[PDB]
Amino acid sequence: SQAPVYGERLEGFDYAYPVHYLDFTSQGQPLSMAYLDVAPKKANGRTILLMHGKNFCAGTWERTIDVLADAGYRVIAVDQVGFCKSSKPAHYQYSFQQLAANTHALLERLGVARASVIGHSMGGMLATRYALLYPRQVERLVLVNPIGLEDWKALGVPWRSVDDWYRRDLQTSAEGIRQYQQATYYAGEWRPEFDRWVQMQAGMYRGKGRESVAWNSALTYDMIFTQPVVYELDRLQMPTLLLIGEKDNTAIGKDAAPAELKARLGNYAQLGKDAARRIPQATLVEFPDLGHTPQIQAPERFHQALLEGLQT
C-alpha cells in the first residue's frame, strides 16, 4: 500500500539482493544481523564493507552495490544490531565499539581479511570507530557525509535522556520524515524513488514492533550523543576519502538548540575541511550542490567520484 506497515525487523519490505543472517550472542542476548553479500563477475581482488546511516538500511545501498560489484569488488552491506532487518534487542548497552566488533565478527565468518570500508552518516561515525579498532584490516576508509564531525554536547547542544528520545521517536510519521529528508538529505529536491526509503522507515513505526523500534532508536541516539570520534580522527592509520555534500545541515539536537547555536551547527562546508585537516592521510571531495545523501540525490556523479577515489 501507500502507507505500508512493516514488522519490528522490517518484515514485508524487500531488499534488492538476497538477505542473509548471522546468529550470535552478545550481552547475554541471542541476536541476528542481516546482511547482503554480492560477488563480482570478475574479481578485482578487493572487498568493500558498506555501513548505513541511522535512518537507512543495507538495502538502501542497492545502486552502490550494483556499481561496485560491476567494478569487481565483493560487496558486503550489513544492518547493525538495532536497525532494519537485524534484531531489536529488548536490552543492550550500545557503543560504537560493540557494533564494530559485531561487524568484525561477521567479516571473520565471511572470510574477509581486509576491506575498504564506506560509511554514510552514523555509518560513517561507526566506520571511523571500526577503522580505529582494526587498522590492519581497513585498507581504505570512505566517509560519506558522516555525522560526528563536531561533538554536539561540547558546543552546547542540550542533552536529552534515553527516555525522552524514546517518547519523541514514537511520533515518527512519513510526513515528518519527508519534511526532514527533502530539506536535509536532498537539498530541497524530491523524486518519487525517494519515497521508498521514507516508507521503509515510517512503516516500522506503524507495526507491532513500533515500541521496540523506538526504544532501540533512542538507545542509539544516546550512543551517538555521548560517544564522539572527532577527537581521534588524528589516529587514523590509512588513506581516508571524505565525500561531502555541502548543503547538508545535519546536527543532533539542532531543533532543541537556541537560535544562536542552530546557526553554527551542521556547517558541512566547514566540517569537511576541518576533518581533512586532522586526518593524517585525507582526501576531501566536496559536492557544493548536494545534501546529506549525495549517493541518492546524484547517483551518477557520486559513483564516478567514489570509483575513482577507491583506486589504489
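In this text, residue numbers run from 1 along the sequence as written.
Participant: Tell me which stretch, 174 to 182 or 144 to 152, has the higher mean Cα B-factor listed in the entry.
Facilitator: According to the entry, 174 to 182 carries the higher average C-alpha B-factor.
Participant: For the higher mean C-alpha B factor in the entry, choose 186 to 194 or 228 to 236.
Facilitator: The stretch with the larger mean CA B-factor is 186 to 194.
Participant: Please pick out which of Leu49, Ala69, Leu261, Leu31 has the largest Cα B-factor as recorded in the entry.
Facilitator: The C-alpha B-factor peaks, among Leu49, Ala69, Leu261, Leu31, at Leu261.
Participant: Please place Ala113 in the lowest, middle or highest third of its chain according to the CA B-factor in the PDB entry.
Facilitator: Ranked within chain, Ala113 CA B lands in the middle tercile.
Participant: What third of its chain's C-alpha B-factors does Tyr35 belong to: lowest, middle or highest?
Facilitator: As the PDB entry reports it, the C-alpha B-factor of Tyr35 lands in the lowest third of its chain.
Participant: Looking at the C-alpha B-factor of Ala127, is it in the lowest, middle or highest third of its chain?
Facilitator: CA B-factor rank for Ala127: lowest third.
Participant: Could you place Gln281 in the lowest, middle or highest third of its chain by Cα temperature factor, using the values in the record?
Facilitator: Answer is highest: the recorded C-alpha B-factor places it there.
Participant: By the recorded C-alpha temperature factor, relative to the other modelled residues in its chain, which third is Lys85 in?
Facilitator: For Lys85, the deposited C-alpha B-factor lands in the lowest third.
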